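In structure tokens, one chain follows: the form deposited in one PDB entry.
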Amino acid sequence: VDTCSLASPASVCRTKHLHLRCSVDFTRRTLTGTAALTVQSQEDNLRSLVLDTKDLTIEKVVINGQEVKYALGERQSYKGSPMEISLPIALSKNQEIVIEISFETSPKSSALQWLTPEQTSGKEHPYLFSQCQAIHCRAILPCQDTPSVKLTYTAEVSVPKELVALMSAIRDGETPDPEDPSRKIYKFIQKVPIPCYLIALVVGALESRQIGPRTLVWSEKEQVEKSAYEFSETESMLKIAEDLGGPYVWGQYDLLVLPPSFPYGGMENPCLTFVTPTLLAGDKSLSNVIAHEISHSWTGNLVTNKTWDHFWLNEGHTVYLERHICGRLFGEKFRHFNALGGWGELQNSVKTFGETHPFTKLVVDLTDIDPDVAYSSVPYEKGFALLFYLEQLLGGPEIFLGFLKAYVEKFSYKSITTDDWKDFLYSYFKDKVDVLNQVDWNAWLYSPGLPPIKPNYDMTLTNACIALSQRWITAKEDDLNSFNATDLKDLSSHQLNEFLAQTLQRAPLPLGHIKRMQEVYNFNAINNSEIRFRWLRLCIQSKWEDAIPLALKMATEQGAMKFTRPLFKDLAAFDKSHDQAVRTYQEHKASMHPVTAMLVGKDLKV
């Protein structure tokens, strides 16, 4: 059923368990060890099975203390090489077997990012972190790579003594390596079944702070004390999640703040949530962002898309829940605020892709397509748009939350397609079918472009933003004096961010306009990364030279691509700062993430 996997489908055999034993070598950049897969045959007379491998060197395959025979098919592009394992004895229905595979990862493996010490905070020890999503788990260990298969797993990781290993799991024990006194062994147990793309690993110099009963925050000695402050409210958000979707079933929720070099956004990995450093503003104003990954534990980690075509099932419901979390934090019209923002992001994604492009469909077809090339915000905000539309159509947020609960409770720890979700939607709402039959299903699910209808959003918190932004865009030299510092009296940090987003939408402003904006609003003082980003772009595109240093510092102070790359783009496009931005790139590129380096360097034409 899954077009992105070469392994045996879940209809033949299913992996129920993974016991991982491995060691981390930072000199060779390799994970060497053994992956022991418990396989349950779903049919009689099963003599062989296939697994996904990508750039893996296979030593041997042991079944019941004896080496079996295997063959590695040819690599197909991003899909990798299939691995055929010949079973010694035929398997009956439900007969279970344990296949142990001795494997070593490649240094160029796409699932594992190795960071040099200069690319970390401490500038002393190296770093390692995994990105499995979507299909990259096959580049770590042989497995069935597909969300349609869920498995519990236990792992034992050997790392240099001075470092620490975390995974997505409950930490069990720590013991000095029996055969290597210079190394340590860390143990992990994941009791809840998960797809293999939620297996995560981090190895580096890490400390911890306990910010809640079940919550530790992990990071390097530089960042732990700040993250402990910013994220102190995560326990209350967790309790909100339990209020909406019921008790937390994964048993521990930790947080790992990646080095400042981390280019991407947060990851939902179970029991350990990755956090981007850009979220530390010092005021806790961006902490609510975390509410996304939290909701993943209640929606989409429990109920998983059966194939990646169905990815919307995962994120969409997740988003729907997260905006309810924020809904109770800042109020309802704020939930509407982030809703309208999400619709805006959908607009930009569609017009950038084009309204005819297949990747704008809610259920895509990934057959020959790389899952990471087609990735966009469509399955997030279009899915949320559908569920919000059905919320307002089916009688309200309370009712549709009831639906959400029934959905999770029914499909928890399983995988489903879109048709399954729609079947259960008609089953739950069966009194209301008359309404449901007026939805256009072919258009919403399978048709590109924007959805055929739009939900009704509350405009107040947005209308303030547009009011001020327009005031500045329409301002004339005579007007600039009337502006006062009180204009921000009622606005949130989120509203200020939207204000600078709308004001930046409109292209350069008279230099004196933004110089005044700095005088009254003192935007230079706020360290919030979103607002500071849009503010510094507003300054640089407006030909203000005083912002050159600031725009530069931020560009190299954080590694997030959504920030770094546009800042270097503008600093290059500004003819006054171009040279300086080039040589600054040449200066800091060694400490940049390897991807952001060549990417910003190609943008700078080096």
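From 1 onward, residues are counted along the sequence shown.
- Taking the mean C-alpha B-factor of each stretch as recorded, 172-180 and 68-76 are not equal, and the higher mean is that of 172-180.
- Set 315-323 against 362-370 and average the Cα temperature factors; 362-370 ends up higher.
- Between the residues 289, 211, 329, 536, the entry's highest C-alpha temperature factor is the one at 329.
- As recorded in the entry, 431 carries the highest CA temperature factor of 420, 458, 431, 254.
- Sort the chain's modelled residues by C-alpha temperature factor and residue 47 lands in the middle third, per the entry.
- Ranked within its chain, residue 562 lands in the lowest third, by CA B factor from the PDB record.
- In the PDB entry, residue 523 places in the lowest third of its chain by CA B-factor.
- For residue 126, the recorded CA B-factor ranks within the lowest third of the chain. Only modelled residues enter the ranking.
- The entry lists a Cα temperature factor for residue 20 that places it in the lowest third of the chain's modelled residues.
Just so you know, the form solved in complex with a small molecule exists too; it's not on screen, but the next bit is about it.
- Residue 150 falls outside the set of residues with a heavy atom inside 4.5 Å of the small molecule in the entry with it bound.
- Not displayed here, the small molecule is approached by residue 361 to within 4.5 Å at the level of heavy atoms in the entry with it bound.
- At least one heavy atom of residue 378 is located within 4.5 Å of the small molecule in the entry with it bound.
- In the entry with it bound, the small molecule sits within 4.5 Å of a heavy atom of residue 264.
- In short, of 402-410, 188-196, 210-218, 133-141 it is 133-141 that has heavy atoms within 4.5 Å of the small molecule in the entry with it bound.
- Screening 384, 535, 231, 311 for any heavy atom within 4.5 Å of the small molecule in the entry with it bound leaves a single hit, 311.
- Residue-level contacts in the entry with it bound: of 416, 504, 366, 87, one residue has a heavy atom within 4.5 Å of the small molecule, and it is 366.
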